[PDB]
$ cat my_file.cif   # mmCIF, C-alpha atoms
data_coords
#
loop_
_atom_site.label_atom_id
_atom_site.label_comp_id
_atom_site.auth_asym_id
_atom_site.auth_seq_id
_atom_site.Cartn_x
_atom_site.Cartn_y
_atom_site.Cartn_z
CA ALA A 1 55.96 -19.86 34.25
CA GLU A 2 53.48 -22.76 34.35
CA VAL A 3 53.81 -26.54 33.73
CA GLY A 4 51.40 -26.35 30.79
CA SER A 5 54.09 -24.49 28.80
CA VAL A 6 56.19 -27.69 29.01
CA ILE A 7 53.31 -30.14 28.37
CA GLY A 8 50.03 -29.31 26.59
CA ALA A 9 46.87 -31.46 26.59
CA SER A 10 47.79 -33.13 23.31
CA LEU A 11 51.23 -34.12 24.58
CA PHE A 12 49.81 -35.34 27.91
CA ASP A 13 47.47 -37.66 25.95
CA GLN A 14 50.33 -38.80 23.65
CA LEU A 15 52.46 -39.86 26.61
CA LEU A 16 49.55 -41.35 28.60
CA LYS A 17 47.94 -42.84 25.55
CA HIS A 18 46.14 -45.81 27.12
CA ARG A 19 45.23 -44.57 30.59
CA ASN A 20 41.51 -44.55 29.73
CA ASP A 21 41.47 -47.95 28.12
CA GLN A 22 38.56 -50.11 29.27
CA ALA A 23 41.12 -52.39 30.97
CA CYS A 24 42.33 -49.47 33.10
CA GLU A 25 40.82 -48.17 36.32
CA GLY A 26 40.56 -44.39 35.84
CA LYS A 27 37.72 -44.15 33.28
CA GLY A 28 38.76 -40.52 32.81
CA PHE A 29 40.13 -39.96 36.31
CA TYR A 30 43.64 -38.83 35.42
CA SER A 31 42.68 -35.77 33.33
CA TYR A 32 45.06 -33.15 31.99
CA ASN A 33 42.95 -30.51 33.73
CA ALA A 34 43.28 -32.26 37.09
CA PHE A 35 47.06 -32.46 36.54
CA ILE A 36 47.59 -28.77 35.67
CA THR A 37 45.14 -27.62 38.41
CA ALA A 38 47.02 -29.68 40.99
CA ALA A 39 50.37 -28.45 39.64
CA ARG A 40 49.29 -24.82 40.35
CA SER A 41 49.58 -25.70 44.08
CA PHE A 42 53.29 -26.54 43.55
CA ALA A 43 54.44 -23.56 41.43
CA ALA A 44 58.10 -24.65 41.14
CA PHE A 45 57.25 -28.03 39.59
CA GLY A 46 58.13 -28.05 35.91
CA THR A 47 59.07 -24.34 36.00
CA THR A 48 62.53 -24.68 37.63
CA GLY A 49 65.82 -24.37 35.75
CA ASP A 50 66.29 -24.10 31.99
CA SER A 51 63.79 -25.28 29.36
CA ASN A 52 65.18 -28.80 29.16
CA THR A 53 65.41 -29.18 32.98
CA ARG A 54 61.66 -28.34 33.06
CA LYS A 55 60.95 -30.92 30.35
CA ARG A 56 63.24 -33.35 32.22
CA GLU A 57 61.36 -32.81 35.51
CA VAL A 58 58.00 -33.45 33.90
CA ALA A 59 59.40 -36.54 32.17
CA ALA A 60 60.93 -37.83 35.47
CA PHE A 61 57.73 -37.19 37.44
CA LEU A 62 55.53 -38.77 34.82
CA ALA A 63 57.91 -41.72 34.41
CA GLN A 64 58.00 -42.59 38.11
CA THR A 65 54.24 -42.18 38.57
CA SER A 66 53.71 -44.06 35.33
CA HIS A 67 55.57 -47.07 36.75
CA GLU A 68 53.63 -46.87 40.04
CA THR A 69 50.35 -47.11 38.07
CA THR A 70 51.48 -49.05 35.04
CA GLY A 71 49.21 -51.41 33.13
CA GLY A 72 52.08 -52.11 30.71
CA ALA A 73 53.94 -55.27 29.72
CA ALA A 74 56.37 -56.23 26.93
CA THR A 75 53.53 -57.21 24.57
CA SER A 76 51.25 -54.17 25.26
CA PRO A 77 49.95 -52.04 22.35
CA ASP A 78 52.56 -49.30 21.75
CA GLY A 79 54.86 -51.07 24.20
CA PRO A 80 55.13 -51.17 28.00
CA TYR A 81 55.91 -47.46 28.20
CA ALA A 82 52.56 -46.34 26.75
CA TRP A 83 50.54 -47.78 29.67
CA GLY A 84 51.34 -45.38 32.48
CA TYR A 85 48.44 -44.19 34.63
CA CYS A 86 46.34 -47.30 34.18
CA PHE A 87 45.68 -47.86 37.88
CA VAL A 88 44.31 -45.65 40.64
CA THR A 89 44.40 -48.11 43.59
CA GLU A 90 46.73 -50.87 44.86
CA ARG A 91 45.67 -54.28 43.49
CA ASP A 92 45.91 -55.83 47.00
CA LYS A 93 43.49 -54.10 49.37
CA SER A 94 43.92 -56.50 52.33
CA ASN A 95 46.53 -54.39 54.15
CA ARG A 96 45.38 -51.23 55.90
CA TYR A 97 48.96 -50.02 56.34
CA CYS A 98 48.23 -48.49 59.75
CA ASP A 99 51.42 -48.14 61.81
CA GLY A 100 49.49 -48.57 65.09
CA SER A 101 50.91 -45.37 66.51
CA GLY A 102 49.59 -42.57 64.33
CA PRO A 103 45.86 -41.98 63.63
CA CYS A 104 44.00 -44.77 61.78
CA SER A 105 40.33 -44.07 61.14
CA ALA A 106 37.83 -46.90 61.76
CA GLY A 107 37.08 -48.97 58.69
CA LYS A 108 39.55 -47.01 56.50
CA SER A 109 42.64 -48.37 54.64
CA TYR A 110 45.81 -46.58 53.55
CA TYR A 111 46.87 -48.87 50.69
CA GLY A 112 48.28 -47.28 47.49
CA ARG A 113 46.25 -44.56 45.77
CA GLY A 114 46.91 -42.06 42.99
CA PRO A 115 49.89 -41.41 40.72
CA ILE A 116 52.57 -42.11 43.36
CA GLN A 117 50.53 -44.86 45.01
CA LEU A 118 50.49 -43.03 48.30
CA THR A 119 50.65 -45.61 51.14
CA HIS A 120 50.59 -45.69 54.98
CA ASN A 121 48.49 -43.77 57.51
CA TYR A 122 51.52 -41.60 58.35
CA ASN A 123 51.82 -40.47 54.71
CA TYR A 124 48.06 -39.82 54.33
CA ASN A 125 48.36 -37.81 57.51
CA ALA A 126 51.33 -35.74 56.28
CA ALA A 127 49.98 -35.26 52.75
CA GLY A 128 46.52 -34.22 53.96
CA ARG A 129 47.99 -31.77 56.41
CA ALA A 130 50.10 -30.15 53.68
CA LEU A 131 47.21 -30.05 51.26
CA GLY A 132 44.50 -28.87 53.70
CA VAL A 133 42.35 -31.95 53.35
CA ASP A 134 41.52 -34.73 55.82
CA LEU A 135 42.98 -37.84 54.16
CA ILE A 136 43.05 -39.74 57.43
CA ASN A 137 39.29 -39.71 57.74
CA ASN A 138 38.73 -39.96 53.96
CA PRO A 139 41.76 -41.57 52.30
CA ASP A 140 39.55 -42.63 49.42
CA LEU A 141 39.58 -38.98 48.29
CA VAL A 142 42.94 -39.88 46.70
CA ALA A 143 41.10 -42.32 44.43
CA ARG A 144 37.99 -40.17 43.82
CA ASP A 145 39.01 -36.51 43.47
CA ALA A 146 41.54 -36.29 40.66
CA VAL A 147 42.98 -32.93 41.72
CA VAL A 148 43.59 -34.27 45.22
CA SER A 149 45.09 -37.40 43.72
CA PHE A 150 47.66 -35.45 41.60
CA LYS A 151 48.30 -33.15 44.59
CA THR A 152 49.37 -36.11 46.73
CA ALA A 153 51.85 -37.17 44.08
CA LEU A 154 53.19 -33.66 43.69
CA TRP A 155 53.36 -33.34 47.47
CA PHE A 156 55.49 -36.47 47.52
CA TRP A 157 57.69 -35.24 44.65
CA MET A 158 58.31 -31.79 46.16
CA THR A 159 58.83 -32.67 49.79
CA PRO A 160 62.09 -33.85 51.38
CA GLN A 161 61.96 -36.54 54.09
CA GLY A 162 64.75 -37.09 56.63
CA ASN A 163 68.08 -37.50 54.81
CA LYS A 164 66.24 -37.78 51.56
CA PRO A 165 66.23 -34.79 49.27
CA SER A 166 63.03 -34.17 47.40
CA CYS A 167 62.81 -35.73 43.98
CA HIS A 168 62.38 -32.16 42.76
CA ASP A 169 65.77 -31.04 44.11
CA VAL A 170 67.41 -34.01 42.46
CA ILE A 171 66.02 -33.62 38.92
CA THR A 172 66.59 -29.83 39.03
CA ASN A 173 70.22 -30.26 40.20
CA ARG A 174 69.80 -28.60 43.58
CA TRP A 175 70.98 -31.51 45.68
CA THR A 176 74.56 -31.92 46.83
CA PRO A 177 75.16 -35.51 47.97
CA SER A 178 76.74 -36.10 51.41
CA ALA A 179 80.10 -37.93 51.70
CA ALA A 180 78.17 -41.07 52.73
CA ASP A 181 75.87 -40.59 49.70
CA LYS A 182 78.88 -40.36 47.43
CA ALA A 183 80.39 -43.56 48.92
CA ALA A 184 77.00 -45.21 48.34
CA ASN A 185 77.00 -44.06 44.67
CA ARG A 186 73.99 -41.90 45.40
CA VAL A 187 74.81 -39.13 42.92
CA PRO A 188 72.29 -36.87 41.15
CA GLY A 189 70.08 -38.35 38.43
CA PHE A 190 66.97 -40.37 37.79
CA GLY A 191 68.53 -43.37 39.65
CA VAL A 192 68.56 -41.65 43.01
CA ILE A 193 64.90 -40.66 42.46
CA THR A 194 64.06 -44.37 42.10
CA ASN A 195 66.12 -44.88 45.29
CA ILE A 196 64.08 -42.24 47.13
CA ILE A 197 60.77 -43.81 46.03
CA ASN A 198 61.51 -47.53 46.48
CA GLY A 199 65.24 -48.08 47.09
CA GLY A 200 64.72 -50.72 49.79
CA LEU A 201 63.21 -53.09 47.24
CA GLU A 202 64.83 -51.81 44.03
CA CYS A 203 68.39 -50.53 44.50
CA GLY A 204 71.85 -51.70 45.46
CA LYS A 205 71.61 -55.34 44.28
CA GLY A 206 71.97 -54.88 40.51
CA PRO A 207 69.31 -54.62 37.79
CA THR A 208 65.63 -55.08 38.75
CA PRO A 209 62.70 -55.26 36.35
CA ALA A 210 60.92 -52.48 38.27
CA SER A 211 63.74 -49.91 38.14
CA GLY A 212 64.17 -50.93 34.43
CA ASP A 213 60.49 -50.11 33.85
CA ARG A 214 60.92 -46.68 35.51
CA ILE A 215 63.93 -46.00 33.21
CA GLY A 216 62.01 -47.17 30.12
CA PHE A 217 59.21 -44.72 30.84
CA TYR A 218 61.73 -41.95 31.48
CA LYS A 219 63.67 -42.47 28.25
CA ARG A 220 60.47 -42.61 26.21
CA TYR A 221 59.23 -39.36 27.70
CA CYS A 222 62.58 -37.59 27.36
CA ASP A 223 62.73 -38.68 23.69
CA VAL A 224 59.30 -37.13 23.01
CA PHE A 225 60.43 -33.95 24.77
CA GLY A 226 63.71 -33.99 22.78
CA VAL A 227 65.84 -33.76 25.93
CA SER A 228 68.88 -35.80 27.03
CA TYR A 229 68.35 -38.07 30.01
CA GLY A 230 71.02 -36.70 32.32
CA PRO A 231 73.53 -38.90 34.19
CA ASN A 232 73.15 -41.70 36.73
CA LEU A 233 69.91 -43.25 35.50
CA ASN A 234 70.11 -46.52 37.43
CA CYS A 235 70.30 -47.40 41.11
CA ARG A 236 71.76 -50.91 40.59
CA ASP A 237 74.85 -49.96 42.52
CA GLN A 238 73.44 -47.44 44.93
CA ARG A 239 73.08 -48.39 48.53
CA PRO A 240 69.49 -47.76 49.65
CA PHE A 241 69.28 -44.77 51.93
CA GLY A 242 69.82 -45.39 55.66
#
$ encode --input "my_file.cif" --output "structure tokens"
Amino acid sequence: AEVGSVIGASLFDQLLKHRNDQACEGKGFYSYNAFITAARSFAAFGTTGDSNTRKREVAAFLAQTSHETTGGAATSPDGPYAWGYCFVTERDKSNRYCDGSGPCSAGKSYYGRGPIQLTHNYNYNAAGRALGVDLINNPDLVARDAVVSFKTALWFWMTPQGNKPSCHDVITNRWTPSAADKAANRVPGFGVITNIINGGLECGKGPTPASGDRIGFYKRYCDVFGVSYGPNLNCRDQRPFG
């Protein structure tokens, strides 16, 4: 019925144990209330399929976003997979990521913000349009309004793009790979969700530390939820889309 039935406030804080560490950027930003309020705008998220598919979707979403925003390393307290949600903004702020063809508001930058590290004027444009907020003229809203921030990540998670299924359709088992997908080893599982998010840099050339970090988060979260991981966790041998 609602995502909170899968993940309560206590469990949210257990998984994202260190997000409000002094070393982290949020200083409260990524609240459970912002998360569940944002999730209400995407009713199917964490409420689709059986009870373990729902747990699995929340774990997959939180694992991917955790990697995007991780403050974790091998020697971190509680390990690398307890440091999700440490960052709100891209460390490098020198690139505006304007494509020169879509709208690009004077003095604004479209570097990574929020749980999925939303990047590029074209994505701020599309996300804002879907959410009913002007993220082209105020992209910083993604770093300042926590509900908006989680909404951009959920928007990304729930929305297909081109030949890419939505991450949602993958983790809920509603995606049937094409023949070319199958030849590329793009079969349903957490691995193809990594591929969707950053396959150009992370997939098709064997193990990478970044995809390994995504998987580490995911297995930790699944273990807490008491759910199996599902098949096809890695994208080592998946051709990037395209």
$ closest_atom_pairs --input "my_file.cif" --of "segment 95-212 of chain A" --to "segment 233-236 of chain A" --cutoff "10 Å" --atoms "only C-alpha atoms" --output "JSON lines"
{"residue": "A:185", "atom": "CA", "partner": "A:235", "partner_atom": "CA", "distance": 8.3}
{"residue": "A:186", "atom": "CA", "partner": "A:235", "partner_atom": "CA", "distance": 7.9}
{"residue": "A:187", "atom": "CA", "partner": "A:235", "partner_atom": "CA", "distance": 9.6}
{"residue": "A:188", "atom": "CA", "partner": "A:233", "partner_atom": "CA", "distance": 8.8}
{"residue": "A:189", "atom": "CA", "partner": "A:233", "partner_atom": "CA", "distance": 5.7}
{"residue": "A:190", "atom": "CA", "partner": "A:233", "partner_atom": "CA", "distance": 4.7}
{"residue": "A:191", "atom": "CA", "partner": "A:234", "partner_atom": "CA", "distance": 4.2}
{"residue": "A:192", "atom": "CA", "partner": "A:235", "partner_atom": "CA", "distance": 6.3}
{"residue": "A:193", "atom": "CA", "partner": "A:235", "partner_atom": "CA", "distance": 8.7}
{"residue": "A:194", "atom": "CA", "partner": "A:235", "partner_atom": "CA", "distance": 7.0}
{"residue": "A:195", "atom": "CA", "partner": "A:235", "partner_atom": "CA", "distance": 6.4}
{"residue": "A:199", "atom": "CA", "partner": "A:235", "partner_atom": "CA", "distance": 7.9}
{"residue": "A:202", "atom": "CA", "partner": "A:235", "partner_atom": "CA", "distance": 7.6}
{"residue": "A:203", "atom": "CA", "partner": "A:235", "partner_atom": "CA", "distance": 5.0}
{"residue": "A:204", "atom": "CA", "partner": "A:236", "partner_atom": "CA", "distance": 4.9}
{"residue": "A:205", "atom": "CA", "partner": "A:236", "partner_atom": "CA", "distance": 5.8}
{"residue": "A:206", "atom": "CA", "partner": "A:236", "partner_atom": "CA", "distance": 4.0}
{"residue": "A:207", "atom": "CA", "partner": "A:236", "partner_atom": "CA", "distance": 5.3}
{"residue": "A:208", "atom": "CA", "partner": "A:236", "partner_atom": "CA", "distance": 7.6}
{"residue": "A:211", "atom": "CA", "partner": "A:234", "partner_atom": "CA", "distance": 7.3}
{"residue": "A:212", "atom": "CA", "partner": "A:234", "partner_atom": "CA", "distance": 8.0}
$ resolve_selection --input "my_file.cif" --expression "the PyMOL selection byres ((chain A and resi 118) around 12)" --output "ChimeraX atom specification"
/A:65,68-69,88-90,97,109-117,119-128,135,139-143,148-157,197
$ resolve_selection --input "my_file.cif" --expression "the PyMOL selection byres ((chain A and resi 164) around 12)" --output "ChimeraX atom specification"
/A:156-163,165-170,175-178,181,186,192-199,240-242
$ residues_around --input "my_file.cif" --residues "residue 66 of chain A" --least-positions-apart "4" --cutoff "12 Å" --atoms "only C-alpha atoms" --output "ChimeraX atom specification"
/A:15-19,30,58-62,70-72,80-88,114-117,153,210-211,213-218,220-221
$ residues_near_point --input "my_file.cif" --point "(51.0, -30.6, 35.7)" --cutoff "10 Å" --atoms "only C-alpha atoms" --output "mmCIF file with C-alpha atoms, keeping the file's coordinate frame"
data_model
loop_
_atom_site.group_PDB
_atom_site.id
_atom_site.type_symbol
_atom_site.label_atom_id
_atom_site.label_comp_id
_atom_site.auth_asym_id
_atom_site.auth_seq_id
_atom_site.Cartn_x
_atom_site.Cartn_y
_atom_site.Cartn_z
ATOM 1 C CA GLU A 2 53.480 -22.760 34.350
ATOM 2 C CA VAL A 3 53.810 -26.540 33.730
ATOM 3 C CA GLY A 4 51.400 -26.350 30.790
ATOM 4 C CA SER A 5 54.090 -24.490 28.800
ATOM 5 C CA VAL A 6 56.190 -27.690 29.010
ATOM 6 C CA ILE A 7 53.310 -30.140 28.370
ATOM 7 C CA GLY A 8 50.030 -29.310 26.590
ATOM 8 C CA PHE A 12 49.810 -35.340 27.910
ATOM 9 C CA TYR A 32 45.060 -33.150 31.990
ATOM 10 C CA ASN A 33 42.950 -30.510 33.730
ATOM 11 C CA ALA A 34 43.280 -32.260 37.090
ATOM 12 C CA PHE A 35 47.060 -32.460 36.540
ATOM 13 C CA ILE A 36 47.590 -28.770 35.670
ATOM 14 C CA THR A 37 45.140 -27.620 38.410
ATOM 15 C CA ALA A 38 47.020 -29.680 40.990
ATOM 16 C CA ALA A 39 50.370 -28.450 39.640
ATOM 17 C CA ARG A 40 49.290 -24.820 40.350
ATOM 18 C CA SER A 41 49.580 -25.700 44.080
ATOM 19 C CA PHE A 42 53.290 -26.540 43.550
ATOM 20 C CA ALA A 43 54.440 -23.560 41.430
ATOM 21 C CA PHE A 45 57.250 -28.030 39.590
ATOM 22 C CA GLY A 46 58.130 -28.050 35.910
ATOM 23 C CA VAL A 58 58.000 -33.450 33.900
ATOM 24 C CA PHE A 61 57.730 -37.190 37.440
ATOM 25 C CA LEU A 62 55.530 -38.770 34.820
ATOM 26 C CA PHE A 150 47.660 -35.450 41.600
ATOM 27 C CA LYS A 151 48.300 -33.150 44.590
ATOM 28 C CA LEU A 154 53.190 -33.660 43.690
#
$ atom_distance --input "my_file.cif" --atom1 "atom CA of residue 91 of chain A" --atom2 "atom CA of residue 144 of chain A"
16.1 Å
$ atom_distance --input "my_file.cif" --atom1 "atom CA of residue 25 of chain A" --atom2 "atom CA of residue 56 of chain A"
27.2 Å
$ build_atoms --input "my_file.cif" --residues "segment 11-36 of chain A" --atoms "N, CA, C and O atoms" --output "PDB file, keeping the file's coordinate frame"
ATOM      1  N   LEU A  11      50.010 -33.384  24.225  1.00  0.00           N
ATOM      2  CA  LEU A  11      51.230 -34.120  24.580  1.00  0.00           C
ATOM      3  C   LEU A  11      50.986 -35.037  25.797  1.00  0.00           C
ATOM      4  O   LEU A  11      51.442 -36.205  25.832  1.00  0.00           O
ATOM      5  N   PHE A  12      50.233 -34.524  26.771  1.00  0.00           N
ATOM      6  CA  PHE A  12      49.810 -35.340  27.910  1.00  0.00           C
ATOM      7  C   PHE A  12      49.093 -36.613  27.432  1.00  0.00           C
ATOM      8  O   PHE A  12      49.435 -37.714  27.880  1.00  0.00           O
ATOM      9  N   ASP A  13      48.159 -36.480  26.483  1.00  0.00           N
ATOM     10  CA  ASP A  13      47.470 -37.660  25.950  1.00  0.00           C
ATOM     11  C   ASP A  13      48.376 -38.576  25.093  1.00  0.00           C
ATOM     12  O   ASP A  13      48.195 -39.795  25.052  1.00  0.00           O
ATOM     13  N   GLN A  14      49.358 -37.997  24.406  1.00  0.00           N
ATOM     14  CA  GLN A  14      50.330 -38.800  23.650  1.00  0.00           C
ATOM     15  C   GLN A  14      51.164 -39.669  24.583  1.00  0.00           C
ATOM     16  O   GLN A  14      51.351 -40.858  24.339  1.00  0.00           O
ATOM     17  N   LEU A  15      51.651 -39.084  25.666  1.00  0.00           N
ATOM     18  CA  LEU A  15      52.460 -39.860  26.610  1.00  0.00           C
ATOM     19  C   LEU A  15      51.615 -40.883  27.366  1.00  0.00           C
ATOM     20  O   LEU A  15      52.044 -42.052  27.514  1.00  0.00           O
ATOM     21  N   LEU A  16      50.419 -40.465  27.803  1.00  0.00           N
ATOM     22  CA  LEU A  16      49.550 -41.350  28.600  1.00  0.00           C
ATOM     23  C   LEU A  16      48.411 -41.847  27.747  1.00  0.00           C
ATOM     24  O   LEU A  16      47.233 -41.702  28.073  1.00  0.00           O
ATOM     25  N   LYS A  17      48.815 -42.461  26.642  1.00  0.00           N
ATOM     26  CA  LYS A  17      47.940 -42.840  25.550  1.00  0.00           C
ATOM     27  C   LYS A  17      46.798 -43.784  25.947  1.00  0.00           C
ATOM     28  O   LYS A  17      45.673 -43.610  25.503  1.00  0.00           O
ATOM     29  N   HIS A  18      47.084 -44.752  26.818  1.00  0.00           N
ATOM     30  CA  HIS A  18      46.140 -45.810  27.120  1.00  0.00           C
ATOM     31  C   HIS A  18      45.523 -45.742  28.505  1.00  0.00           C
ATOM     32  O   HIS A  18      44.839 -46.667  28.908  1.00  0.00           O
ATOM     33  N   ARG A  19      45.717 -44.629  29.210  1.00  0.00           N
ATOM     34  CA  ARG A  19      45.230 -44.570  30.590  1.00  0.00           C
ATOM     35  C   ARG A  19      43.718 -44.749  30.733  1.00  0.00           C
ATOM     36  O   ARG A  19      43.240 -45.196  31.763  1.00  0.00           O
ATOM     37  N   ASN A  20      42.971 -44.432  29.671  1.00  0.00           N
ATOM     38  CA  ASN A  20      41.510 -44.550  29.730  1.00  0.00           C
ATOM     39  C   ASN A  20      40.991 -45.722  28.925  1.00  0.00           C
ATOM     40  O   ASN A  20      39.807 -45.790  28.614  1.00  0.00           O
ATOM     41  N   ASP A  21      41.885 -46.652  28.627  1.00  0.00           N
ATOM     42  CA  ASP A  21      41.470 -47.950  28.120  1.00  0.00           C
ATOM     43  C   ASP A  21      40.456 -48.598  29.046  1.00  0.00           C
ATOM     44  O   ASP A  21      40.532 -48.455  30.274  1.00  0.00           O
ATOM     45  N   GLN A  22      39.540 -49.373  28.483  1.00  0.00           N
ATOM     46  CA  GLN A  22      38.560 -50.110  29.270  1.00  0.00           C
ATOM     47  C   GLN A  22      39.190 -51.016  30.326  1.00  0.00           C
ATOM     48  O   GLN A  22      38.599 -51.223  31.385  1.00  0.00           O
ATOM     49  N   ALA A  23      40.385 -51.524  30.035  1.00  0.00           N
ATOM     50  CA  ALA A  23      41.120 -52.390  30.970  1.00  0.00           C
ATOM     51  C   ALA A  23      41.686 -51.613  32.163  1.00  0.00           C
ATOM     52  O   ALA A  23      42.095 -52.207  33.161  1.00  0.00           O
ATOM     53  N   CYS A  24      41.725 -50.296  32.053  1.00  0.00           N
ATOM     54  CA  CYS A  24      42.330 -49.470  33.100  1.00  0.00           C
ATOM     55  C   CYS A  24      41.274 -49.000  34.092  1.00  0.00           C
ATOM     56  O   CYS A  24      40.079 -49.126  33.893  1.00  0.00           O
ATOM     57  N   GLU A  25      41.724 -48.453  35.212  1.00  0.00           N
ATOM     58  CA  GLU A  25      40.820 -48.170  36.320  1.00  0.00           C
ATOM     59  C   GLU A  25      40.242 -46.738  36.351  1.00  0.00           C
ATOM     60  O   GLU A  25      39.208 -46.471  36.987  1.00  0.00           O
ATOM     61  N   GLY A  26      40.922 -45.811  35.685  1.00  0.00           N
ATOM     62  CA  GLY A  26      40.560 -44.390  35.840  1.00  0.00           C
ATOM     63  C   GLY A  26      39.225 -44.004  35.214  1.00  0.00           C
ATOM     64  O   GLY A  26      38.446 -43.224  35.801  1.00  0.00           O
ATOM     65  N   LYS A  27      38.950 -44.538  34.011  1.00  0.00           N
ATOM     66  CA  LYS A  27      37.720 -44.150  33.280  1.00  0.00           C
ATOM     67  C   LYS A  27      37.568 -42.635  33.284  1.00  0.00           C
ATOM     68  O   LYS A  27      36.523 -42.096  33.620  1.00  0.00           O
ATOM     69  N   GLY A  28      38.672 -41.980  32.924  1.00  0.00           N
ATOM     70  CA  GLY A  28      38.760 -40.520  32.810  1.00  0.00           C
ATOM     71  C   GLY A  28      39.456 -39.820  33.940  1.00  0.00           C
ATOM     72  O   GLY A  28      39.832 -38.649  33.783  1.00  0.00           O
ATOM     73  N   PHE A  29      39.621 -40.541  35.042  1.00  0.00           N
ATOM     74  CA  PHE A  29      40.130 -39.960  36.310  1.00  0.00           C
ATOM     75  C   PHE A  29      41.346 -39.069  36.147  1.00  0.00           C
ATOM     76  O   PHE A  29      41.342 -37.903  36.621  1.00  0.00           O
ATOM     77  N   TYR A  30      42.389 -39.580  35.492  1.00  0.00           N
ATOM     78  CA  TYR A  30      43.640 -38.830  35.420  1.00  0.00           C
ATOM     79  C   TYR A  30      43.628 -37.809  34.287  1.00  0.00           C
ATOM     80  O   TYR A  30      44.308 -37.999  33.283  1.00  0.00           O
ATOM     81  N   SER A  31      42.829 -36.749  34.432  1.00  0.00           N
ATOM     82  CA  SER A  31      42.680 -35.770  33.330  1.00  0.00           C
ATOM     83  C   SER A  31      43.827 -34.773  33.303  1.00  0.00           C
ATOM     84  O   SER A  31      44.402 -34.421  34.336  1.00  0.00           O
ATOM     85  N   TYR A  32      44.130 -34.264  32.121  1.00  0.00           N
ATOM     86  CA  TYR A  32      45.060 -33.150  31.990  1.00  0.00           C
ATOM     87  C   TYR A  32      44.661 -31.964  32.871  1.00  0.00           C
ATOM     88  O   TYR A  32      45.525 -31.336  33.505  1.00  0.00           O
ATOM     89  N   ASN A  33      43.382 -31.609  32.873  1.00  0.00           N
ATOM     90  CA  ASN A  33      42.950 -30.510  33.730  1.00  0.00           C
ATOM     91  C   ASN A  33      43.196 -30.770  35.201  1.00  0.00           C
ATOM     92  O   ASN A  33      43.600 -29.863  35.899  1.00  0.00           O
ATOM     93  N   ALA A  34      42.988 -31.998  35.665  1.00  0.00           N
ATOM     94  CA  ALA A  34      43.280 -32.260  37.090  1.00  0.00           C
ATOM     95  C   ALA A  34      44.767 -32.079  37.373  1.00  0.00           C
ATOM     96  O   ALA A  34      45.152 -31.543  38.424  1.00  0.00           O
ATOM     97  N   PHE A  35      45.595 -32.558  36.453  1.00  0.00           N
ATOM     98  CA  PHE A  35      47.060 -32.460  36.540  1.00  0.00           C
ATOM     99  C   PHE A  35      47.525 -31.020  36.631  1.00  0.00           C
ATOM    100  O   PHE A  35      48.260 -30.679  37.555  1.00  0.00           O
ATOM    101  N   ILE A  36      47.149 -30.186  35.654  1.00  0.00           N
ATOM    102  CA  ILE A  36      47.590 -28.770  35.670  1.00  0.00           C
ATOM    103  C   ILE A  36      46.983 -27.975  36.849  1.00  0.00           C
ATOM    104  O   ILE A  36      47.651 -27.111  37.415  1.00  0.00           O
TER     105      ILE A  36
END
